[PDB]
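Some notes on the structure that comes next.
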Number of protein chains: 2
Amino acid sequence: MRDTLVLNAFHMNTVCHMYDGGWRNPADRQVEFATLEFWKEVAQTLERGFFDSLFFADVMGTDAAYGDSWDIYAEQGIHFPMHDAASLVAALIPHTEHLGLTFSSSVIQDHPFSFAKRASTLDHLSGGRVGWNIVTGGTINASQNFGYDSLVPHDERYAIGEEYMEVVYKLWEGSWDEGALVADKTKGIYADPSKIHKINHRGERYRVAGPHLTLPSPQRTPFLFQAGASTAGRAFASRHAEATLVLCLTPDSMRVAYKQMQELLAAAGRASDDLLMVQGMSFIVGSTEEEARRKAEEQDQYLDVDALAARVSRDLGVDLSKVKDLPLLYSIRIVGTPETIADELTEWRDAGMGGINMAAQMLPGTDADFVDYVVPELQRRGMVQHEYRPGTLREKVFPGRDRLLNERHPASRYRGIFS
Amino acid sequence: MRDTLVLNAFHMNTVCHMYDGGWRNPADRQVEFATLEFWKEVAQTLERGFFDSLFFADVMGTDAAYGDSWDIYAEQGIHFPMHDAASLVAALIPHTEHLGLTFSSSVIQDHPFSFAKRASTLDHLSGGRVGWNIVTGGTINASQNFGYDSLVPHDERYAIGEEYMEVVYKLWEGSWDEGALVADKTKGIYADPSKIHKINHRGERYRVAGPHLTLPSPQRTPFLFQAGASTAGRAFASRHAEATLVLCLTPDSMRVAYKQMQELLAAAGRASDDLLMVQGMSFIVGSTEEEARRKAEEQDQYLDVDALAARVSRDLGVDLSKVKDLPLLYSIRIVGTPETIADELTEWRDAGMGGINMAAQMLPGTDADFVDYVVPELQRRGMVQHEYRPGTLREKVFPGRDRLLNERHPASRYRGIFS
Ligand SMILES: Cc1cc2nc3c(=O)[nH]c(=O)nc-3n(C[C@H](O)[C@H](O)[C@H](O)COP(=O)(O)O)c2cc1C
Ligand SMILES: Cc1cc2nc3c(=O)[nH]c(=O)nc-3n(C[C@H](O)[C@H](O)[C@H](O)COP(=O)(O)O)c2cc1C
């Protein structure tokens with residue numbers, strides 16, 4: 001029932017999230033990420049653009065995969081410093097109203113009881129606007145920061161993933177049954193103890209008693225993002241995610257990738273339309289074609305090649321010591337007019353793109369310019385919403401639907417198992 | 001030279017924090033705790049009173065210990081449901097300007113890397129206003145909420161304690177040496193990497209590489225609350241705290257307890273000013289003495305005693321089968337006129353009380369009544385600040401001190417130990 005694209009901002013609580021070395025640009029303001037105010041302006045611009053969500057990536061780590069000198073990662077600010085996403089999201093509740101506030105928490109960096117209790121809390125406080133990107137790995141230092149030798153092997157990471165989701169759904173959906181809150185002052189019953197349960201979860205990595213500590217929140221289980229490119233991962237996204245964060249290079253790469261997920265969803269026991277493919281992207285924009293080309297010139301100066309190699313050389317492994325196109329493994333940039341950019345996005349949406357996962361070259365410039373110039377174009381073509389729909393982030397992304405996840409979704413299956 | 005009293009509100013992100021059963025009062029609104037708007041009004045009323053801080057308690061478990069079943073903890077809201085204070089402190093940042101925002105986190109609930117990184121992040125975002133009530137405790141359920149058969153014994157909680165603090169101080173004070181941020185775009189250096197170090201902490205319960213992930217923050221180490229009333233604990237608070245939350249039953253009790261701390265502090269290597277004995281209390285005011293006694297009748301109707309017993313029992317092991325003066329275990333009540341409540345609070349201050357730790361019987365009433373009636377009287381008498389002093393919460397509690405902690409404080413030991 002949703003004929004308009006989903007817009008999602010893809011930022012991270014660090015000086016330079018995307019287009020490495022781009023913190024140098026005199027016109028930039030990302031060096032301000034430490035303050036609440038910088039981000040308020042970015043949050044608000046986006047809600048002037050009717051963006052469905054703003055998403056904060058997050059790491060517990062920094063590593064020297066380039067050569068053997070961790071130098072350039074502090075010198076060019078490559079995902080270091082890293083500040084805590086969750087904390088900032090709470091800090092943005094008051095300076096937004098309908099904007100979805102999303103974040104990565106990983107599996108290693110917070111116990112699912114703690115992570116469950118925090119999510120529920122934010123979900124209450126935000127008024128049902130919380131997004132959760134499920135992360136299952138993290139780098140070496142990430143492990144060595146919570147005292148672990150080395151990484152647990154790739155696919156075990158997703159095994160562990162499943163139990164984490166086993167635990168949180170139990171807490172969010174299972175522990176409190178419907179009608180548990182009573183709030184009857186005269187009768188003297190706040191919460192109905194016959195409807196509030198332990199989980200007594202006992203598995204291979206997690207034991208947890210419960211009950212879950214929070215009142216049921218507006219969404220119960222926050223709006224679920226996952227970004228798994230691999231087999232064990234894509235599988236996981238197909239199983240649990242409401243929107244997967246993906247990076248196809250051509251629209252024909254999206255068409256393949258869409259078809260693939262559709263099969264995976266059917267095996268996972270879910271509808272074609274239960275999951276949005278959301279594309280990593282970025283934009284530069286102008287009135288003429290020449291203004292936008294000439295913007296990219298300006299912005300691409302401050303693009304450091306050696307620090308782009310430092311983020312590639314961690315991921316791929318290969319220690320590279322055209323090459324300038326490599327930020328196309330992180331977002332497909334589109335330069336041009338609003339008409340051009342809209343024209344090109346139509347190909348992607350036709351290839352199966354359900355949403356844009358928009359990153360920034362400069363902040364708040366990219367974000368401003370996309371809202372200022374592109375959003376009205378897309379709104380005119382009926383591709384981007386004119387106004388917010390009322391209700392929870394789930395209710396927004398999936399128009400017909402209930403504030404709670406569908407009966408097809410793994411979460412639903414926990415609803416009153418312990419009744 | 002801090003010559004006014006500290007005011008700390010002592011609330012908790014739950015329906016009935018403090019005068020058990022009191023959620024039932026038709027005048028009360030603590031049943032609205034789940035929403036940000038209730039707490040926005042509580043926070044703002046406190047800042048209008050010039051409170052130094054608002055403090056959120058937090059447990060990570062409810063327990064069975066009241067005989068047959070766990071029913072009376074649901075029905076009468078006995079520190080259940082329980083919502084995460086961290087998140088709420090972050091969501092009040094925008095609705096407050098100078099008010100200090102404090103929370104209990106415990107050892108058991110969060111690893112000292114994550115917790116360090118969340119704190120420092122909250123501390124940037126707040127702008128130097130974060131408090132940290134250190135908790136080494138835990139009810140049995142909270143242990144079983146993280147996969148542990150039973151409690152570790154009392155002595156060891158504080159041992160584990162001192163390591164956790166040994167880890168967090170390493171990250172907050174040790175890793176990033178002064179002049180670490182550079183931010184020079186012309187030059188192209190975000191952080192001097194010679195000044196950013198792994199902590200390489202390998203102790204009893206913990207291993208952590210670091211480095212810490214956040215830019216050094218205004219306070220660096222958040223402002224430190226501690227509550228340990230036992231041997232191990234006082235000794236712990238004497239060693240690490242800036243303000244200890246205590247429960248002295250009588251001013252004679254404070255005079256003794258204050259004397260004791262000053263020996264513990266001297267042994268702990270600290271000057272006598274370096275920590276504040278902040279007292280648990282609760283006021284009911286009126287314009288005559290008959291007005292305030294009349295209020296105290298009206299509220300105490302709704303004071304449940306069996307529920308009170310059930311919280312006493314959670315803490316002291318034994319399930320029960322005057323008794324209405326068991327609430328002197330949690331806060332000392334004063335009813336009367338503002339003349340009375342200032343006259344009486346002088347005695348406490350003269351016996352060594354450096355701040356009040358004010359809990360609510362109703363909200364927003366108890367706080368509003370204290371702010372509207374008592375505060376003006378204390379400001380007359382030079383007992384309570386007229387106007388917020390600029391700088392951090394450290395700088396607000398200790399006039400003319402640095403934003404950072406003193407060289408007499410354990411945290412300082414860690415400054416520089418890696419270059
Ligand atoms: C758009 C996007 C955002 C991501 N954000 C994070 C993050 O915030 N934290 C993190 O540890 N990993 C992050 N990742 C890495 C993913 O969790 C994922 O593990 C990776 O893309 C490959 O998944 P796989 O586990 O299927 O190999 C992100 C990936 C993508 C594509
Ligand atoms: C004012 C006050 C607030 C407290 N808040 C919390 C809290 O939020 N969470 C928690 O687990 N324990 C809390 N406690 C429990 C303390 O850990 C308690 O003082 C206990 O006695 C620790 O000292 P001990 O271990 O020496 O007995 C609090 C105690 C006091 C006095």
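Ligands are numbered from 1 in the order shown, residues from 1 within each chain, and chains are lettered A, B, ... in the order they appear in the structure tokens.
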With a distance cut-off of 6 Å and only C-alpha atoms, select the neighbouring residues of segment 221-227 of chain B, excluding the residue or stretch itself and same-chain residues fewer than 3 positions from it, and output the selection as a ChimeraX atom specification. /B:130-134,172,237,241-245,394
Which residues sit within 8 Å of ligand 1, counting only C-alpha atoms and all ligand atoms, listed as a PyMOL selection string? chain A and resi 10+12+56-60+103-106+133-139+154+157-158+226-234+245-247+280+330+357
Could the residues in this selection be written to a file with N, CA and C atoms, as a compact mmCIF listing (two decimals), in the first residue's frame?
```txt
# COMPACT_ATOMS: atom_id res chain seq x y z
N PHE A 10 21.78 8.36 6.43
CA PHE A 10 22.78 7.38 6.82
C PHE A 10 24.03 8.13 7.29
N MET A 12 26.66 8.90 11.02
CA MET A 12 27.37 8.20 12.07
C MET A 12 27.92 9.29 12.99
N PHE A 56 21.89 6.34 12.70
CA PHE A 56 23.24 6.53 13.20
C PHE A 56 24.00 5.19 13.24
N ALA A 57 24.91 4.99 12.29
CA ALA A 57 25.88 3.90 12.39
C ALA A 57 26.78 4.00 13.66
N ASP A 58 27.47 2.89 13.96
CA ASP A 58 28.16 2.74 15.27
C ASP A 58 29.15 1.55 15.39
N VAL A 59 30.37 1.85 15.86
CA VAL A 59 31.46 0.87 16.06
C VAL A 59 31.99 0.98 17.49
N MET A 60 32.52 -0.12 18.01
CA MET A 60 33.26 -0.12 19.29
C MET A 60 34.76 -0.29 19.04
N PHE A 103 19.37 3.63 15.04
CA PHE A 103 20.76 3.43 15.40
C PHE A 103 21.26 1.96 15.26
N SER A 104 22.56 1.80 15.09
CA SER A 104 23.18 0.50 15.22
C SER A 104 23.55 0.28 16.69
N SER A 105 23.03 -0.79 17.27
CA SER A 105 23.68 -1.46 18.40
C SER A 105 24.08 -2.80 17.82
N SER A 106 25.28 -3.26 18.20
CA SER A 106 25.75 -4.62 17.89
C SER A 106 25.49 -5.61 19.04
N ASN A 133 19.18 -0.96 13.92
CA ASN A 133 19.95 -1.71 12.95
C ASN A 133 20.65 -2.84 13.67
N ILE A 134 20.39 -4.08 13.28
CA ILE A 134 20.96 -5.21 14.02
C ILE A 134 22.35 -5.47 13.44
N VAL A 135 23.36 -5.38 14.31
CA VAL A 135 24.76 -5.64 13.94
C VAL A 135 25.23 -6.90 14.67
N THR A 136 25.94 -7.77 13.95
CA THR A 136 26.36 -9.09 14.47
C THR A 136 27.89 -9.31 14.56
N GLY A 137 28.66 -8.53 13.82
CA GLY A 137 30.12 -8.49 14.00
C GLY A 137 30.63 -7.20 14.66
N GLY A 138 31.64 -6.62 14.01
CA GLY A 138 32.51 -5.61 14.60
C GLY A 138 33.92 -6.10 14.34
N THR A 139 34.87 -5.17 14.36
CA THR A 139 36.30 -5.45 14.08
C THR A 139 37.05 -6.14 15.25
N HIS A 154 32.98 -16.17 11.19
CA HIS A 154 31.91 -15.44 10.45
C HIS A 154 30.48 -15.91 10.74
N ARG A 157 28.94 -15.90 14.21
CA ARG A 157 28.42 -14.53 14.45
C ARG A 157 26.88 -14.40 14.23
N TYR A 158 26.36 -15.09 13.20
CA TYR A 158 24.92 -15.09 12.86
C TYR A 158 24.09 -16.09 13.64
N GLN A 226 18.55 -4.28 9.05
CA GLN A 226 19.73 -5.17 9.01
C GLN A 226 20.48 -4.95 7.69
N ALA A 227 21.81 -5.08 7.72
CA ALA A 227 22.65 -4.75 6.56
C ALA A 227 23.60 -5.86 6.12
N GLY A 228 23.10 -7.09 6.09
CA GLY A 228 23.89 -8.26 5.75
C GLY A 228 23.99 -8.54 4.25
N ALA A 229 25.19 -8.33 3.68
CA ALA A 229 25.48 -8.63 2.26
C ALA A 229 25.74 -10.13 1.96
N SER A 230 26.33 -10.87 2.90
CA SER A 230 26.72 -12.26 2.67
C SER A 230 25.54 -13.23 2.78
N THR A 231 25.83 -14.52 2.59
CA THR A 231 24.83 -15.60 2.63
C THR A 231 24.21 -15.73 4.01
N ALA A 232 25.03 -15.98 5.01
CA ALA A 232 24.52 -16.06 6.37
C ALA A 232 23.79 -14.78 6.76
N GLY A 233 24.28 -13.65 6.26
CA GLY A 233 23.69 -12.35 6.52
C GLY A 233 22.40 -12.05 5.78
N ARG A 234 22.42 -12.05 4.44
CA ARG A 234 21.19 -11.87 3.65
C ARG A 234 20.06 -12.74 4.15
N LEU A 245 19.51 -2.81 4.44
CA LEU A 245 20.37 -1.75 3.95
C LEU A 245 21.34 -2.45 3.03
N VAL A 246 21.27 -2.11 1.75
CA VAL A 246 22.01 -2.81 0.70
C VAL A 246 22.74 -1.84 -0.22
N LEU A 247 23.74 -2.35 -0.94
CA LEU A 247 24.57 -1.51 -1.82
C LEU A 247 24.78 -2.11 -3.20
N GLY A 280 22.13 2.35 -0.54
CA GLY A 280 23.14 3.33 -0.18
C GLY A 280 23.36 4.27 -1.36
N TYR A 330 30.39 2.17 -1.00
CA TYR A 330 29.70 2.67 0.19
C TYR A 330 28.45 3.51 -0.10
N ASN A 357 19.04 5.21 1.29
CA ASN A 357 19.83 5.22 2.51
C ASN A 357 20.92 6.24 2.22
```
Counting only C-alpha atoms, what are the residues of chain A within 7 Å of chain B, and for each of them which pair of atoms is the nearest and at what distance in Å, to one decimal? Sort the table by chain and rising number, as a tab-separated table.
```
residue	atom	partner	partner_atom	distance
A:24	CA	B:185	CA	4.7
A:34	CA	B:124	CA	6.1
A:35	CA	B:125	CA	5.5
A:36	CA	B:125	CA	5.1
A:71	CA	B:193	CA	5.9
A:74	CA	B:191	CA	5.1
A:75	CA	B:189	CA	4.7
A:76	CA	B:190	CA	6.0
A:77	CA	B:190	CA	5.9
A:80	CA	B:213	CA	6.4
A:81	CA	B:213	CA	5.1
A:82	CA	B:213	CA	5.2
A:83	CA	B:121	CA	5.6
A:84	CA	B:118	CA	5.5
A:87	CA	B:90	CA	5.8
A:90	CA	B:91	CA	4.5
A:91	CA	B:91	CA	4.6
A:93	CA	B:91	CA	6.2
A:94	CA	B:94	CA	6.6
A:109	CA	B:114	CA	6.5
A:113	CA	B:145	CA	6.6
A:114	CA	B:109	CA	6.5
A:117	CA	B:84	CA	6.5
A:118	CA	B:84	CA	5.7
A:121	CA	B:83	CA	5.7
A:122	CA	B:87	CA	6.4
A:124	CA	B:34	CA	6.2
A:125	CA	B:36	CA	5.3
A:141	CA	B:209	CA	6.9
A:144	CA	B:209	CA	5.6
A:145	CA	B:208	CA	4.1
A:146	CA	B:208	CA	5.7
A:147	CA	B:207	CA	4.3
A:185	CA	B:24	CA	4.5
A:188	CA	B:24	CA	6.8
A:189	CA	B:75	CA	4.4
A:190	CA	B:75	CA	4.8
A:191	CA	B:75	CA	5.0
A:192	CA	B:75	CA	6.3
A:193	CA	B:71	CA	5.4
A:206	CA	B:147	CA	6.5
A:207	CA	B:147	CA	4.4
A:208	CA	B:145	CA	4.4
A:209	CA	B:145	CA	5.0
A:210	CA	B:145	CA	6.0
A:213	CA	B:81	CA	5.1
A:214	CA	B:81	CA	5.2
A:215	CA	B:81	CA	6.3
```
So that I can check the secondary structure, give me every residue of segment 262-349 of chain A assigned alpha helix (DSSP H) by backbone DSSP, as an MDAnalysis selection string. chainID A and resid 262:267 289:301 305:315 338:349
Just write the chosen residues, C-alpha atoms, as a PDB file, in the first residue's frame.
```pdb
ATOM      1  CA  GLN A 262      11.955 -12.432  -2.568  1.00  0.00           C
ATOM      2  CA  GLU A 263      12.870 -16.160  -2.704  1.00  0.00           C
ATOM      3  CA  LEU A 264      14.574 -15.870   0.683  1.00  0.00           C
ATOM      4  CA  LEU A 265      11.524 -14.246   2.199  1.00  0.00           C
ATOM      5  CA  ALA A 266       9.187 -17.031   0.966  1.00  0.00           C
ATOM      6  CA  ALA A 267      11.459 -19.670   2.609  1.00  0.00           C
ATOM      7  CA  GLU A 289      24.025  20.415 -15.052  1.00  0.00           C
ATOM      8  CA  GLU A 290      27.159  22.587 -14.871  1.00  0.00           C
ATOM      9  CA  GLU A 291      26.528  23.815 -11.281  1.00  0.00           C
ATOM     10  CA  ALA A 292      26.354  20.220  -9.992  1.00  0.00           C
ATOM     11  CA  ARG A 293      29.451  18.959 -11.865  1.00  0.00           C
ATOM     12  CA  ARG A 294      31.273  22.043 -10.522  1.00  0.00           C
ATOM     13  CA  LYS A 295      30.014  21.305  -6.963  1.00  0.00           C
ATOM     14  CA  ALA A 296      31.526  17.809  -7.157  1.00  0.00           C
ATOM     15  CA  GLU A 297      34.874  19.338  -8.255  1.00  0.00           C
ATOM     16  CA  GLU A 298      34.801  21.514  -5.113  1.00  0.00           C
ATOM     17  CA  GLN A 299      33.826  18.633  -2.798  1.00  0.00           C
ATOM     18  CA  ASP A 300      36.105  15.987  -4.368  1.00  0.00           C
ATOM     19  CA  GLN A 301      39.254  18.120  -3.687  1.00  0.00           C
ATOM     20  CA  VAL A 305      42.865   8.843  -1.380  1.00  0.00           C
ATOM     21  CA  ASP A 306      45.242   7.325   1.288  1.00  0.00           C
ATOM     22  CA  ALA A 307      42.516   7.370   3.952  1.00  0.00           C
ATOM     23  CA  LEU A 308      39.964   5.915   1.528  1.00  0.00           C
ATOM     24  CA  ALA A 309      42.549   3.093   1.069  1.00  0.00           C
ATOM     25  CA  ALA A 310      42.725   2.783   4.924  1.00  0.00           C
ATOM     26  CA  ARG A 311      38.975   1.985   5.169  1.00  0.00           C
ATOM     27  CA  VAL A 312      39.009  -0.248   2.053  1.00  0.00           C
ATOM     28  CA  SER A 313      42.191  -2.051   3.283  1.00  0.00           C
ATOM     29  CA  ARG A 314      40.493  -2.981   6.612  1.00  0.00           C
ATOM     30  CA  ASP A 315      37.338  -4.308   4.913  1.00  0.00           C
ATOM     31  CA  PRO A 338      16.554  17.585  -9.633  1.00  0.00           C
ATOM     32  CA  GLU A 339      15.002  16.335 -12.881  1.00  0.00           C
ATOM     33  CA  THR A 340      18.114  14.229 -13.632  1.00  0.00           C
ATOM     34  CA  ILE A 341      18.297  12.798 -10.126  1.00  0.00           C
ATOM     35  CA  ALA A 342      14.585  11.992  -9.998  1.00  0.00           C
ATOM     36  CA  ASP A 343      14.757  10.520 -13.560  1.00  0.00           C
ATOM     37  CA  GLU A 344      17.601   8.250 -12.437  1.00  0.00           C
ATOM     38  CA  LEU A 345      16.001   7.248  -9.114  1.00  0.00           C
ATOM     39  CA  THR A 346      12.916   6.096 -11.041  1.00  0.00           C
ATOM     40  CA  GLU A 347      15.092   3.434 -12.715  1.00  0.00           C
ATOM     41  CA  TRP A 348      16.228   2.250  -9.254  1.00  0.00           C
ATOM     42  CA  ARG A 349      12.721   2.231  -7.769  1.00  0.00           C
TER      43      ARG A 349
END
```
Residue 390 of chain A surroundings by only C-alpha atoms, 9 Å radius, close-in-sequence under 5 positions cut, as a PyMOL selection string: chain A and resi 98+395-396
Write the residues of the preceding selection, restricted to N, CA and C atoms, as a PDB file, in the first residue's frame.
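File selection_30.pdb, as written:
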```pdb
ATOM      1  N   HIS A  98       7.954  13.792  14.087  1.00  0.00           N
ATOM      2  CA  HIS A  98       7.607  12.644  13.290  1.00  0.00           C
ATOM      3  C   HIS A  98       8.833  11.916  12.749  1.00  0.00           C
ATOM      4  N   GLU A 395       4.115   2.006  11.553  1.00  0.00           N
ATOM      5  CA  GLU A 395       2.852   2.450  10.956  1.00  0.00           C
ATOM      6  C   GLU A 395       3.082   3.378   9.779  1.00  0.00           C
ATOM      7  N   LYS A 396       4.149   4.183   9.855  1.00  0.00           N
ATOM      8  CA  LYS A 396       4.553   5.070   8.753  1.00  0.00           C
ATOM      9  C   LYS A 396       5.122   4.306   7.575  1.00  0.00           C
TER      10      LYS A 396
END
```
Which residue gives the smallest distance to residue 39 of chain A among A:352, A:317, A:364, A:336, with only C-alpha atoms counted? A:364
Pick out each residue of segment 9-217 of chain B that DSSP on the backbone tags as strand (DSSP E); I need them as a PyMOL selection string. chain B and resi 9-12+53-57+100-106+130-135+181-184+189-191+201-202+207-208
Kindly export the residues of the current selection with C-alpha atoms, as a short mmCIF file (atom, residue, chain, number, x, y, z; two decimals), in the first residue's frame.
```cif
data_model
loop_
_atom_site.label_atom_id
_atom_site.label_comp_id
_atom_site.auth_asym_id
_atom_site.auth_seq_id
_atom_site.Cartn_x
_atom_site.Cartn_y
_atom_site.Cartn_z
CA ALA B 9 16.12 15.38 43.44
CA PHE B 10 15.95 11.63 44.04
CA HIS B 11 13.51 10.08 41.56
CA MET B 12 13.44 6.88 39.52
CA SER B 53 20.88 17.94 39.98
CA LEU B 54 18.11 15.52 39.22
CA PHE B 55 19.08 11.89 39.98
CA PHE B 56 17.60 8.71 38.47
CA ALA B 57 17.93 5.44 40.33
CA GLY B 100 22.61 18.40 36.47
CA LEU B 101 21.42 15.06 35.02
CA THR B 102 22.38 12.02 37.11
CA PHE B 103 21.69 8.28 36.90
CA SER B 104 22.60 5.01 38.55
CA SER B 105 24.32 2.60 36.26
CA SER B 106 25.66 -0.57 37.85
CA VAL B 130 26.20 14.19 33.69
CA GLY B 131 26.24 12.55 37.11
CA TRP B 132 27.18 8.91 37.75
CA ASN B 133 25.81 7.00 40.78
CA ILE B 134 28.15 4.02 40.95
CA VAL B 135 26.34 0.80 41.83
CA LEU B 181 42.11 17.15 19.44
CA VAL B 182 43.69 19.44 16.75
CA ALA B 183 40.88 20.01 14.19
CA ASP B 184 43.07 21.97 11.80
CA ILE B 189 45.15 16.76 11.36
CA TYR B 190 42.04 15.83 13.39
CA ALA B 191 43.82 14.14 16.31
CA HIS B 201 44.10 -3.29 30.84
CA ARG B 202 44.33 -7.01 31.80
CA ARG B 207 40.48 -7.11 29.55
CA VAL B 208 40.21 -3.95 27.40
#
```
Give me the residues near residue 335 of chain A as a list in words, where near means some atom within 6 Å (using only C-alpha atoms) and where sequence neighbours in that chain fewer than 2 positions away do not count. residues 283, 284 and 285 of chain A
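Among the candidate residues B:332, B:268, B:397, B:235, the one lying nearest to ligand 2 is B:235, with distances computed using only C-alpha atoms and all ligand atoms.
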What does the distance between atom CA of residue 173 of chain A and atom CA of residue 416 of chain A come to in Å, to one decimal place? 7.4 Å
Looking at only C-alpha atoms and all ligand atoms, which of B:178, B:407, B:47, B:156 is the one that sits closest to ligand 2? B:156
Give the answer as one residue: which of B:260, B:162, B:278, B:29 has the shortest atom-to-atom distance to ligand 2, using only C-alpha atoms and all ligand atoms? B:278
List as a list in words the protein and nucleic acid residues near residue 51 of chain A, meaning an atom at most 10 Å away when only C-alpha atoms are counted, but skip any in the same chain fewer than 3 places from it.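 My list of contacting residues is residues 5, 6, 7, 8, 9, 43, 44, 45, 46, 47, 48, 54, 98, 99, 100, 356, 371, 375, 384, 385, 387 and 388 of chain A.
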Tell me, in Å to one decimal, how far atom 12 (N, counted along the ligand's line) of ligand 2 is from atom CA of residue 406 of chain B. 26.4 Å
Enter the distance from atom CA of residue 174 of chain B to atom CA of residue 274 of chain B, in Å, rounded to one decimal. 21.4 Å
